[PDB]
Amino acid sequence: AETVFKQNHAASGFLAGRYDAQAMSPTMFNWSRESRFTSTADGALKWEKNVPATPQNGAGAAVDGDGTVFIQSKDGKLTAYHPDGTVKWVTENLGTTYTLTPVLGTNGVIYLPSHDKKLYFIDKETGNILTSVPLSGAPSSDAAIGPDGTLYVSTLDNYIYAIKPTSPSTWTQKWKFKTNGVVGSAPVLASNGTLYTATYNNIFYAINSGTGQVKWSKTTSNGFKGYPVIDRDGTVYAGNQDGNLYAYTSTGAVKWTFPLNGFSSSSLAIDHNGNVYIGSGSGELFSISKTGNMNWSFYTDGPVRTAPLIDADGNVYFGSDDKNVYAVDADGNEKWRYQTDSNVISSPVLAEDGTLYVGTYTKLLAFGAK
Ligand SMILES: [Cl-]
Ligand SMILES: [Cl-]
């Protein structure tokens with residue numbers, strides 16, 4: 001890519017970690033989700049592929065510096081597509097049933113937690129397995145990557161694991177944290193070193209990412225779900241199943257809450273002006289200011305489960321259980337929609353040339369530049 005991938009812009013505060021900086025889109029979460037790319041995509045479909053998947057919390061494709069598109073399917077395949085939709089490679093017999101983002105790290109390594117209770121290290125050039133890490137339970141998050149390359153995942157047996165790769169073929173366990181409750185809020189990391197996660201026992205955790213010790217915790221009446229975003233102040237914005245977005249300061253004070261009219265249904269984005277974006281079971285996609293006032297909302301006919309993606313012009317792309325892909329401008333006005341035949345739940349991704357990828361339970365869709 002001609003410019004480097006950065007997790008942060010001037011208004012976000014993720015802990016900078018060892019993602020592939022030459023990739024177009026190396027991670028779905030643990031970053032602002034404001035793309036550095038512009039797009040002239042107008043809703044015309046460039047191509048579609050059959051990719052059966054059940055992505056956890058809006059997981060989906062990653063795109064490297066060549067524009068190669070990597071995506072897991074629930075038949076146990078990881079597939080690398082060329083930009084024109086032809087297949088570059090396929091690796092089989094990985095996990096089934098639920099899918100996760102094939103996150104692109106340094107040294108051309110793909111980090112793919114898998115439902116077979118393994119965290120695979122995979123060569124992105126060939127798809128060959130470099131090694132795998134046994135997990136005590138099936139993973140429930142994408143791999144977040146820290147500054148020293150440590151991988152942070154939640155697992156379904158109520159753990160956060162910190163696994164440190166020591167080369168493309170070797171690894172050691174940094175720490176593990178047994179959580180009180182099923183993890184619904186996947187690990188994301190903030191610039192002061194804190195890892196944030198939360199459970200359906202209503203506990204929101206701030207954890208020292210180096211040591212695995214809890215710095216502080218807060219409680220609510222229902223569980224947080226998905227991937228929070230973090231601003232430059234270290235404030236964490238997390239969607240709650242009680243129907244509110246919560247903003248926690250870096251000390252654990254409640255900065256504010258905002259009503260979503262339904263259970264939170266997507267993970268978040270944050271733009272360089274500090275506005276945060278989230279989908280609701282109400283069908284709405286919200287834009288909310290850093291002080292917690294509504295900028296706008298856009299109404300779809302079903303829960304919005306894609307984490308929205310902002311482009312460099314402030315347009316916002318997302319999908320709905322009403323089976324439409326959506327594009328709106330920075331003021332919330334519709335640009336275009338595209339009707340597909342499956343709920344749109346696999347979050348959007350932007351290539352350097354403006355191609356937009358987004359997925360359903362059955363297909364990967366590519367929307368081309370105009
Ligand atoms: Cl380069
Ligand atoms: Cl509290």
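Screening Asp75 against (1) within 16 Å of ligand 1 (Cβ to nearest atom); (2) out of contact with any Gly (no Cβ under 9 Å at 6 or more places or on another chain); (3) not hydroxyl-bearing (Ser, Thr, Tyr) leaves a single unmet condition, (1).
For region 271-300, residues that are under 20 Å from the mean Cα position of the chain (by Cα) and of a type in the set (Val, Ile, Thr) total 3. Residue count for region 1-30 under the criterion of being part of a loop (DSSP other than H, G, I, E, B) and away from ligand 1 (no atom under 16 Å from the Cβ): the result is 14. Here no strands (runs of 3 or more DSSP E) wholly within region 90-188 include at least 3 residues being β-branched (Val, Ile, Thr) and touching a helix residue (DSSP H, G or I) at 6+ places or on another chain (Cβ under 6 Å).
For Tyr361, the requirement of being within 30 Å of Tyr98 (Cα to Cα), under 20 Å from the mean Cα position of the chain (by Cα) and surrounded by fewer than 22 Cβ atoms within 10 Å (Cβ to Cβ) is met. Note on region 251-280: among residues that are closer than 14 Å to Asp231 by Cα and in contact with an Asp or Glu (Cβ under 7 Å, 6 or more places away or on another chain), the one that is farthest from ligand 1 (Cβ to nearest atom) is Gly274.
Is one or more of the residues making up region 233-246 away from ligand 1 (no atom under 16 Å from the Cβ), within 24 Å of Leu156 (Cβ to Cβ) and of a type in the set (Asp, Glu)? The answer is yes, given that some residue of region 233-246 is away from ligand 1 (no atom under 16 Å from the Cβ), within 24 Å of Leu156 (Cβ to Cβ) and of a type in the set (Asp, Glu). Scanning region 48-101 for residues that are among the hydrophobic types (A, V, I, L, M, F, W, C) and without any contact (Cβ under 8 Å) to a residue 12 or more places away in the chain yields a count of 1. The set of residues in region 124-140 that are under 21 Å from the mean Cα position of the chain (by Cα) and either over 23 Å from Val183 (Cα atoms) or in contact (Cβ under 8 Å) with a residue 60 or more places away in the chain (or both) comprises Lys124, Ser140.
Where strands (runs of 3 or more DSSP E) fall entirely within region 316-370, those with at least 1 residues that are farther than 23 Å from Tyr227 by Cβ are at 334-339, 363-367. Pairs linking a residue in region 197-222 that is in contact (Cβ under 8 Å) with a residue 60 or more places away in the chain to a residue that is hydrophobic (A, V, I, L, M, F, W, C) and away from ligand 2 (no atom under 13 Å from the Cβ), with Cβ atoms under 8 Å and 6 or more positions apart or on different chains, are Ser209/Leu15; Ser209/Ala162; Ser209/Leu189; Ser209/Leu195. The residue that is surrounded by the fewest Cβ atoms within 10 Å (Cβ to Cβ), counting only those in region 237-252 that are within 14 Å of ligand 2 (Cβ to nearest atom) and more than 16 Å from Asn202 (Cα to Cα), is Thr251. Of all the listed residues (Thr199, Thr155, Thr170), the sole one being surrounded by fewer than 22 Cβ atoms within 10 Å (Cβ to Cβ), within 19 Å of the chain's Cα centre (by Cα) and away from ligand 2 (no atom under 16 Å from the Cβ) is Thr155. Would you call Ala41 aliphatic (A, V, I, L, M), within 16 Å of ligand 1 (Cβ to nearest atom), outside any strand (DSSP E or B) and buried (at least 18 other Cβ atoms within 10 Å of the Cβ)? No; evaluated as a whole, the condition is false for this residue. Kindly indicate the residue of region 54-89 that is in a strand (DSSP E or B) and of a type in the set (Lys, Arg) and also farthest from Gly184 (Cα to Cα) among those meeting that condition. Looking at the filtered set, the residue picked out is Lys88. Against the definition (away from ligand 1 (no atom under 16 Å from the Cβ) and more than 18 Å from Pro228 (Cα to Cα)), how does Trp47 come out, yes or no? Judged against the criteria, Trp47 is a match. Restricting attention to region 226-245, the residues that are farther than 21 Å from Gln7 by Cα and in contact (Cβ under 8 Å) with a residue 40 or more places away in the chain total 2.
Of the residues in region 118-130, none is of a type in the set (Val, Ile, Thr) and farther than 18 Å from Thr79 by Cβ.
Positions of Cβ are backbone-derived with ideal geometry, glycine not excepted, and every protein chain shown enters the neighbour counts. All of the numbers you see were taken from the coordinates with simple rules; none came from a lab.
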